[PDB]
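# Chains, contacts and geometry: an overview
Here is how the chains run, residue by residue.
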Amino acid sequence: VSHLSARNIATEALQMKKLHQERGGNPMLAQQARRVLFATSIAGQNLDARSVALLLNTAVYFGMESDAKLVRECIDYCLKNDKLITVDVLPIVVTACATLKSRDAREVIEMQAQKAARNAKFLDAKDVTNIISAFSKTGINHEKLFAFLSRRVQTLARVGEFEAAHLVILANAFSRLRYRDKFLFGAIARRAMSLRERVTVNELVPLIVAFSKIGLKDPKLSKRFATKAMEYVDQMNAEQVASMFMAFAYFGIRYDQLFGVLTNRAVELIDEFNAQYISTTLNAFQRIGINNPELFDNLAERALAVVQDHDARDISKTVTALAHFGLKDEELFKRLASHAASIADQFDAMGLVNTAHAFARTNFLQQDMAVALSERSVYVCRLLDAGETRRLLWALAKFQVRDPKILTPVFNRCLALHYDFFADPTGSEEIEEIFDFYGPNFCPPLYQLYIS
Amino acid sequence: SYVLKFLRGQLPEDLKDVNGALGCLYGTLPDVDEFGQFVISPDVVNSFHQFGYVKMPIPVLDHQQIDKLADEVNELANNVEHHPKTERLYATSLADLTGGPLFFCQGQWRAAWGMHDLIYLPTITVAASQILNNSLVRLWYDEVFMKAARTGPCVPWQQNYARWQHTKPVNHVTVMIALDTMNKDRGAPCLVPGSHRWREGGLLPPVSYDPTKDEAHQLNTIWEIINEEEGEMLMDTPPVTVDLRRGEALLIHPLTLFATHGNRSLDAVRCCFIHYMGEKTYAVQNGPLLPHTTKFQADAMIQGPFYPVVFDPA
Amino acid sequence: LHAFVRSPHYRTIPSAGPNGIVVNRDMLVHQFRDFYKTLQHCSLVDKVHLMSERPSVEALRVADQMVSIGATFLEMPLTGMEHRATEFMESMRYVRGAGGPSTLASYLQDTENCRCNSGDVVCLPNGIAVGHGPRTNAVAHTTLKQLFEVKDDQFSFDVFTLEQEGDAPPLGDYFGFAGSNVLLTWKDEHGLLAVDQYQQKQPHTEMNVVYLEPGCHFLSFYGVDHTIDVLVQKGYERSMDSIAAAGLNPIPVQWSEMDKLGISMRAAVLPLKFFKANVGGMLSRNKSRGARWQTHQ
Amino acid sequence: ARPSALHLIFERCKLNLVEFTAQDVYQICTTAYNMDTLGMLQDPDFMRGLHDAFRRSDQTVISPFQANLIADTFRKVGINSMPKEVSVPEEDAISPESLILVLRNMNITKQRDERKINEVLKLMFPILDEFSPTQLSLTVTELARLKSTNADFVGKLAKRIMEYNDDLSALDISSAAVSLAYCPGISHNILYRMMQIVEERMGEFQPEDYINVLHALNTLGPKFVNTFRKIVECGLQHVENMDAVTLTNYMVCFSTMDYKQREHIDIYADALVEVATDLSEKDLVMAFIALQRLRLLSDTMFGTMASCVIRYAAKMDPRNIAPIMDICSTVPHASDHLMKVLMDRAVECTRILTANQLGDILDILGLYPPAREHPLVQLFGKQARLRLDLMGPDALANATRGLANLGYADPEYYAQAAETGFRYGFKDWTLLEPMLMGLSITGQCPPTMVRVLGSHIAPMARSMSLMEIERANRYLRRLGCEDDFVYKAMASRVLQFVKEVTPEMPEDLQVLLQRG
RNA sequence: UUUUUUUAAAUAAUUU
RNA sequence: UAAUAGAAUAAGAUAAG
């Protein structure tokens, strides 16, 4: 590998990344690429802008943080030579800098955002989608740039210059940015209409998901998507059926003639569902609100077999959905509580409070789960809403937890947000429960604020 | 869950969750029947048990690996663009955001590549297993020292186990690796031969640290914690300074009296301490041993993600 | 070969064009989309660029900005198109984006009373044909002859002045070359007159003349790279039959609304030949267009 | 072996206990590079200490190339080193020499910075009148190398330089001409006036002046053909004794300008092939391409040049395999021995070829008869299946067409190529056809694939000629397309030429007219 | 399927 | 004391305001 020039190193790193992300995540390739990239330096050699961008993107893709030597050298190159980063290699640099959160990364992202804003009129079919996706990776609020890119996308879509992959990438990128434009998405939907048979099952479900996530509140296209997907259910995979359930729970309109077929297809593929698919289907049914015990029994029986595959997100969503519907599964709840106690440190801010509240709502108390999540609750107090803090405090009180080292963070957080803490009517009952256990002695200022 | 397509190749937030060792420095760890190459001679073990410390005959890392490991240290004390995963450290000298003439970092094996790899290095771990009576070797924690040029201070006489009183049995070893060439004028170790068997394997009283004073007095504080007989054996065998090369390592007993010289050179000096413990190690109290770590109870066997098993002779 | 076109502005499309003929904007947009697809399906063009919409319907006539005479990009005088001036600017940036010339030659702009209209210039083999009509004065003819006309044994470039009447359309709309030998012209008074004049000014030369129906707009990329693609209007079947019988490939294009607005296919496209600067004595790879290993099989 | 004094000196150097200046470090590095008796480069702990002394020293005292040489001799031993960037002069420090030094350091040490270039240009604008005639040319050269986009400042410098025509020599004139030709945005009036200056003083030119002028003319293009004319005639009296590289540049210029006078081209080519054995790999490749593009490869010409290129064919650069393969085709001459070693060399470096180069090589080798019975077809098939992710539409078309023409049978690769080409639609029939040729080898494909292929084909049928219609019908029937729209479109296209069902019409065409 | 785009803008108020 | 250049290429779900 010593005989290979850096221009060949960039190409082989790109090849390894393409094989890793799509053709299976083989750890062999991941560690080989990491070892190769850990001993590379852009120093003393003249390199193209594309080669440096590829090296930076492939290094950052493989878990390489902002403290690395290669990452620093690539970031420095981009800053000194900016005009050399044409619109062809702008998306590569933006995608590489998306996860990097540092001063130089912020400056580079802003400079490329301004460059893309200036040159939004001169892009073609490939460049607009690549740029909008790369900027959808990073979290930015340059509305003007997004509006210019949307105008260019509409102009290009009028002459029919987008394939199905381009459409799904554009829809996902624009729905990720929460950019609500009725005309841009109408043009994308009409482009899918015009493409007709070139949009297969694998390329139709993500389009429906992206259109549901943005939330246009348009019933004219949701019916059309339901009608178009009703013929493709027999071909749909389990991962596609779960995504279909989630998308049409996002839409909020009831299509019984479609949900029945989806339920039958999900029952047919019950042996293929993982924990993620079960959690997604249960959450979709919770959101849409239908109560179907017949599918729920099969889903719970399947989830009892893949307990060890459950993630913290999956545990939280499954437990919340089962608690909402009033379904009693003692064995499943016991196994899930033990598993959540096993992986208590993987819970994020929303997942921990959701799991604790869902376990506390049902008359199910387990010291293995309760102690673990109560101890973990300290690190997430600073990331919670007033309503979430109220829910967490009620769940903690239902666990009969009195340790000051646990209670001080949550009481500080609920004191800092006291106005919103006491302004939610739906939680009022919970309030008169929380102070019924602790009493006026615990945190007097909160009690005085409650009295007023 | 669903790892986004552009996040599939990323690593965990803290490198503790990385089971095993990444291939960055020396590739992958050898096979189960390939661990006999790094065995050390029995005379080295006898010398360690006699002197309280020993210098391994061969350098443990190539010069390129030492350069990369020193770059990790240089980026761990940036003070301008602070290190990512800085919160993944037990302690840091830059918690005040100003630093000083001495930089010390702890738990860096969860923060940077190479340092996480250095824990699983067979060359030092096999020797640590041999020192620990051929048992499982578990990481205790890491430490990185960096002394600036012309102003680096010196760490006075100390005993390592004096800081590890919450672990019940004395079952520890220290491996100190020089990331730069050292001498009596820049951070060389100064150890007392045969000082690990003085107070019946006990701990000497802590020394009095008065900063902003000359190095000679700081190293001369030894005559205040020893007794008359320890004075006699100090007369017989005075403290000796060990010169280390760019990659040479040194095994140290926990109970051996140990100090580091100051830095009077024209460039900063760096070193890395790695502490290892055996299988039969217990705690004495209820609570965590390190900040934000798994908490044990009573005489609980020390295990978990924070103390990975780096070698198993079975 | 890069072809530049501009999308129509649907809001400001006139309800009725010249002569009061009513037009339909939806069919105009559909025909422009079909035209863009037909241009993309052409094998000769390397890329087709689509500029953003502009409020005026006149902005669709993109070829009016400049002409390609050999290796020189000559910019038309900005005399009668002041209101389009900024529009021309927005078109040059596009040309700069695709790697084209930094700027156009301003030889015609500097000259006084030099009225010239791009489209009266026809790129015949080894020379150009200009029209001495209302759109072009004698001063422009003299400047073009002073600039591009050279008389030599092998370095020969001819500028032919073809006189035309006041009511004649631009010469490029009814006079052109196709393939390497075919002459395309209308079976009208002006087409026959131009063909006779060109025969008179270039004797002892054998070539094929193909007569299309009057008003049948055509567009044929004649240049260094040989091609047989001749875009034609859909309505005229006999013109297509004649072009096919001449040994070419007619591509029928629906061009009703743009014709009823007075814009032709030639004026709606900007074909420019771009190259890459070769640093040092370095040659650049070129795509193949013929058969390989003919001797073997 | 290091004696006591040498050992102690080496130890003092290793421990960073000696204060080294940049000059002393340069002297030590020069001594190490010249004489290796002490083994300085064989001690990593000594060279690392010397590098550490280099970083903490004042590098402004030494010339930019001295710092570059220290960095190079540290890189050669294995140390990653880079000289420090110079700061822009401030307050009283702005002088022409100090501002030229910044550009010179950016050039030599490869630390290009657009921001500092802009700042230096803004600082140099007001004091442009203090520049000596040589400093103006130095500035023009330094800005040309750094690929600066400020063509206005370079034009100002060119005008000031050209005001001093009498002072400048031939070498300076040629260097200014080539540097101006390299800058993209220079106004053509300045280029015309510079070429007018170059036209005079024509006989004063030396071979290096000829090379520089030919490079400038090659970069400029055909618009300056008249100037190139004054070159050729001026070179007509010295052609019999001329350098080989100069003749290669002459041939490249002849190809670029599309020269019309064939007598001079023949004279130059005949003089070139006499000394063609003295050319390097790149120059020989460019001369071989230029001779092909001018229709001058006769039997003796091709034989003589192939005999010379066989020498470099053994260890040929990957960028040179495809060109000579292209020249080997399209000519009616025997080149079996050249193609054998070229194919072997392409086999050797199959794992480093880019997607475009691999596709090109496969495209040239598609119709070569002796290439089918070679391991290269299978090895390149595996490599192309690996590299399909990095292939654009042109690379996809080239690789698929080359593999299909070679008889390579692999249904999975062709299906993957079709799926990859479905991600970005086929602009042309020439891009789409190789997918059909590849998929028709096996004769089967999923109905979704043939359905999407027909959806792509049907729009394209409105421009394809009769031969393309027949080929498309053959491929569609081979794949088993049952869609009626595509057959209706193809029959509609056919009716345009035939207009009727001729009795003699090929039996395959009547089935199409029934719209099966 | 026909919605809309093109400034150098600099006038809040406070003891935080 | 130190200065020569070539390549044109599109992956795609964060429990929202």
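Residues numbered from 1 in each chain as written, not as in the entry; some residues may be left out. Chains lettered and ligands numbered in written order. Part of a larger assembly, values for the part shown. Heavy atoms only, no water. Residues with missing side-chain atoms left out of burial classes, pairs and counts.

## Structural notes on the pairing of strand β12 (residues 229-233) of chain C
Residues and elements named next belong to chain C. Here is the rule we go by: Each residue is assigned to one of three classes by its accessible area relative to the maximum for its type, calculated with a 1.4 Å probe on protein chains only: buried under 20%, partly exposed between the two thresholds, exposed over 50%. Each helix corresponds to a stretch of at least 4 residues labelled H or I by DSSP, and each strand to a stretch of at least 2 residues labelled E; elements are numbered beginning at the N terminus. Here a strand pair is declared whenever DSSP counts at least two bridges between the two strands.
The buried count for β12 comes to five of five residues, which makes it a mostly enclosed element. Burial along β12 is two-sided: the residues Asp229, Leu231 and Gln233 and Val230 and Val232 are all buried. Pairing between strand β11 (residues 218-220) and β12: three bridges, direction antiparallel. Bridging across to β12, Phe218 finds its partner in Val232.

## Description of the sheet that holds strand β14 (residues 270-272) of chain C
All names here are of chain C. Put simply, the rule reads: Every axis in this analysis is a line fitted to C-alpha atoms, fitted for helices over the stretch in contact. Angles between the N-to-C directions lie between 0 and 180 degrees. Every residue pair with non-hydrogen atoms within 4.5 Å of one another is taken to be in contact.
Spatially, β2-β1-β14 is the arrangement adopted by the three strands of the open sheet, whose pairing is mixed. Looking at the sheet topology across the chains shown, the edges are occupied by β2 (47-51) and β14. Adjacent strand axes in the sheet meet at a mean angle of 20 degrees when their direction is disregarded. Across three bridges, the pairing between strand β1 (residues 2-6) and β14 is antiparallel. Looking at β14, one finds that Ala3 is bridged to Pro271. Against the sheet, helix α1 (residues 25-41) makes contact with β1 and β2, and its axis sits at roughly 155 degrees relative to β2, the strand it touches most. Taken strand by strand, helix α2 (residues 85-97) contacts β1, β2 and β14, and its axis lies near 145 degrees from that of β1.

## A look at the packing of aromatic side chains
Definition in use: Working definition: a ring pair exists when centres of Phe, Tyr or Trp rings (six-membered ring for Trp) sit within 6.5 Å. Plane angles under 30 degrees give stacked, over 60 give edge-to-face, the rest tilted.
Considering all chains together, one arrives at 56 aromatic pairs over all chains under this definition. Ring centres of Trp140 of chain B and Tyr141 of chain B lie 5.5 Å apart, and the angle between their planes is 55 degrees; this geometry places the pair in the tilted category. Just as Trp140 of chain B is buried, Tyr141 of chain B falls in that class too. One aromatic cluster in this structure is built from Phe155 of chain C together with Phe228, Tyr250, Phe254, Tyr259 and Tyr268 of chain D.

## Considering the protein's contact with RNA strand E
Basically, it comes down to this: Working definition: residue near molecule or strand if any one of its non-hydrogen atoms lies within 4 Å of it. In protein, a polar contact means a hydrogen-donor-capable atom and an acceptor-capable atom, both N or O and within 3.5 Å, with residues adjacent in sequence counting only if both atoms are side-chain atoms; elsewhere, any N or O pair within 3.5 Å suffices. The nonpolar class holds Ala, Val, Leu, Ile, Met, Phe, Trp, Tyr, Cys and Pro. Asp, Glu, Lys and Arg form the charged class, and all remaining residues, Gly among them, are polar.
All residues in the neighbourhood of RNA strand E are listed as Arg151, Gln154, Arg158, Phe183 and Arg190 of chain A together with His9, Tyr10, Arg11, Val29 and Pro55 of chain C. Backbone atoms, meaning sugar and phosphate, form 37% of the atoms of RNA strand E found within 4 Å of the protein. For RNA strand E, a sugar or linking oxygen lies 3.4 Å from a polar atom in the side chain of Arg151 of chain A. For the surface near RNA strand E, the secondary-structure elements that each account for two or more residues are α8 (143-158) and α10 (182-195) of chain A. When residues in the surface near RNA strand E are grouped by element, the largest group, three residues, is from α8 of chain A. For the surface near RNA strand E, the class distribution of residues is four nonpolar, two polar and four charged.

## Brief notes about the interface of chain D and chain C
As a reminder, the rule being used: As a working definition, buried area equals the accessible area (1.4 Å probe) given up by two parts on being put together, with both sides summed. Any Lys or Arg side-chain nitrogen found within 4 Å of a carboxyl oxygen on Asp or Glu counts as a salt bridge.
Every contact between the two is made by 46 residues of chain D and, on the other side, 38 residues of chain C. Taken over both partners, the interface formed by chain D and chain C buries close to 3500 Å², and the fraction arising from carbon and sulfur atoms is 53%. Looking only at chain D, the three residues that lose the most surface to chain C are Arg293, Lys427 and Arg462 of chain D, adding up to 17% of its buried area. Taken together, the links from chain D to chain C amount to four salt bridges. The closest approach of N and O atoms between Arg292 of chain C and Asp326 of chain D, which form a salt bridge, is 2.4 Å. Put simply, chain D and chain C have 18 residue pairs in polar contact between them. Those elements giving two or more residues to the side of chain D that touches chain C turn out to be α11 (207-220), α13 (244-257), α15 (281-293), α17 (318-328), α19 (355-365), α24 (447-460) and α26 (484-498) of chain D. At five residues, α15 of chain D tops the list of elements feeding residues into the side of chain D that touches chain C. Considered class by class, the residues forming the side of chain D that touches chain C number 20 nonpolar, 13 polar and 13 charged.

## Considerations on the layout of surface pockets
Residues and elements named next belong to chain B. Basically, it comes down to this: Cavity: a set of points on a 1 Å grid over the protein atoms alone where a 1.4 Å probe fits but cannot get out. Pocket: an open set with protein on both sides within 12 Å along at least five of seven lines, its lining residues, like those of a cavity, having an atom within 4 Å of a point. Grid points are joined across faces, edges and corners, and a volume is the space filled by probe spheres set on the points.
What the second largest pocket holds in volume is close to 640 Å³. The wall of the second largest pocket is formed by 36 residues, among which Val155, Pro156, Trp157, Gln158 and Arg163 lie closest to the centre. Of all the elements in the fold, those that place two or more residues in the lining of the second largest pocket are β3 (102-106), β4 (137-147), β5 (155-158), β10 (258-260) and β11 (269-277). The greatest single-element share of the lining of the second largest pocket, amounting to five residues, is contributed by β4. Residues of the lining of the second largest pocket, tallied by class, amount to 27 nonpolar, six polar and three charged.

## A word on the arrangement of the chains
Counting contacts across all five pairs of chains that touch, the top pair turns out to be chains C and D. With respect to C-alpha atoms, chain B approaches chain C no nearer than 30 Å, and the pair has no contact.

## Here's the deal with the sheet that holds β11 of chain C
All names here are of chain C. Here three strands make up an open sheet; going across it, the order is β11-β12-β13 and the pairing mixed. Of all strands in the sheet, those bounded by a partner on one side alone are β11 and β13 (249-253). Shown here is a sheet whose adjacent strand axes are inclined to one another by a mean of 25 degrees, direction ignored. Strand direction decides the pairing type here: β12 and β13, joined by five bridges, are parallel. Bridged to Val232 within β13 is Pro252. Its contacts with the sheet put α1 on β11, β12 and β13, and the angle it makes with β13 is roughly 160 degrees.

## So, the nonpolar core
In plain terms, the rule: By nonpolar core we mean a set of buried residues, namely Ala, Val, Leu, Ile, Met, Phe, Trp, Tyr and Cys, connected to one another through side-chain atoms within 4.5 Å.
If you look at the biggest cluster of nonpolar residues, it comprises 275 residues, and the most contacted ones within it are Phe135, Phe211 and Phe248 of chain A, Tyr276 of chain B together with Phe35 of chain C. Judged by nonpolar contacts, the second largest core, of 168 residues, contains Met301, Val331, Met464 and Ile469 of chain D.

## Thoughts on the protein's contact with RNA strand F
Close to RNA strand F lie 51 residues, the nearest being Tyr250, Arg287 and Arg313 of chain A, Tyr2 of chain B together with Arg285 of chain C. Take the atoms of RNA strand F that sit within 4 Å of the protein: sugar and phosphate atoms are 43% of them. Side-chain polar atom of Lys137 of chain A to a phosphate oxygen of RNA strand F: 3.1 Å apart, as the coordinates give it. One nitrogen or oxygen atom from the side chain of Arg285 of chain C is found 2.5 Å from a phosphate oxygen belonging to RNA strand F. Looking at side-chain class alone, the surface near RNA strand F contains 15 nonpolar, 14 polar and 22 charged residues.

## Things to note about the environment of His217 of chain B
Here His217 of chain B shows up in helix α5 (residues 215-219). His217 of chain B gets classed as partly exposed once you look at its relative accessible area, which sits at 37%.

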